[PDB]
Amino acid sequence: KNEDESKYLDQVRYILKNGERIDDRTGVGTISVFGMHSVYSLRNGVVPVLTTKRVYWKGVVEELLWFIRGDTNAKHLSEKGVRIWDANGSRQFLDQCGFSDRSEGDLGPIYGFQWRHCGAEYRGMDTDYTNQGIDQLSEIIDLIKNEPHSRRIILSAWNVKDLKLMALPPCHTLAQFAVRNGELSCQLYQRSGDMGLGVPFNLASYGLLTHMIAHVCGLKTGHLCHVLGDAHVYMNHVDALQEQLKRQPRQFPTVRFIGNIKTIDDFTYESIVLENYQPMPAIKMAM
């Protein structure tokens, strides 16, 4: 019945069967298909959080609220128990990336900074950037509310001028939104998707974001189109994904929001309720 999760599993099956074995920039083996497309229903509260292997929902929500704050300090995310960007903010990692003058935790002008302060001069994570640069997220909300048919509703982190300053160049590269029949849809262009760990997390993230923007705009939700450039499996995740591919998906969970949430900046962890997410056991995929 969950046909949409079966699409993700069929993508993994297709990559394992037909993908090219290529060593990546780090020298580790991947299995790669370039150019994949899948669509997930977001209708009636549905968020595409995989049921065949637990997704780190606490991490998804805290990472997204941290993006929305325009925050680039890994320590703020780590304080909430979410360690996913800690390696990239470490003294060692910063020094090896030629960021010796940066304080530990400073990821540079990554997603959140580009979303809220696009084009502002980065001067470290501790600087107050309020009303500096272009607030793409506020601008997209203004387009959805005032000009829902716009072909120009784009949220991008691909700031070429700032790529050299970033801990990591963005993998979830841009998202386009559209309104039809009072339903908000999202097309996510992901230049690079690790099908094991990254892609399930990223699908949950943009599904949730689309629901949050729809909530703020008083709209229903439509679909999430997921466009992949390099859709890949790490060679050391193949056995884990073969275990997952034996599992039959359950119905995706739904999200509901609590309280008076007027703007995109008014969401809290407590305001976001995930309903009926009881996934099958987590499968360890290291890195």
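Note that residue numbering begins at 1 and tracks the sequence as displayed.
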query: Of 234-242 and 214-222, the one with larger mean CA B-factor; finding: 234-242
query: Of 224-232 and 256-264, the stretch whose C-alpha atoms average the higher B-factor in the entry; finding: 256-264
query: Candidate set 79, 71, 139, 194 [ranked by C-alpha B-factor, highest]; finding: 79
query: Given 153, 179, 157, 171, the residue at which the Cα B factor reaches its maximum; finding: 171
query: For residue 43, the third of its chain into which the C-alpha B factor falls; finding: middle
query: B-factor third for the C-alpha atom of residue 121 within its chain; finding: highest
query: B-factor third for the C-alpha atom of residue 95 within its chain; finding: highest
query: Entry-reported Cα temperature factor of residue 147, expressed as the chain third it lands in; finding: lowest
query: Cα B factor band for residue 129 (lowest, middle or highest third within the chain); finding: highest
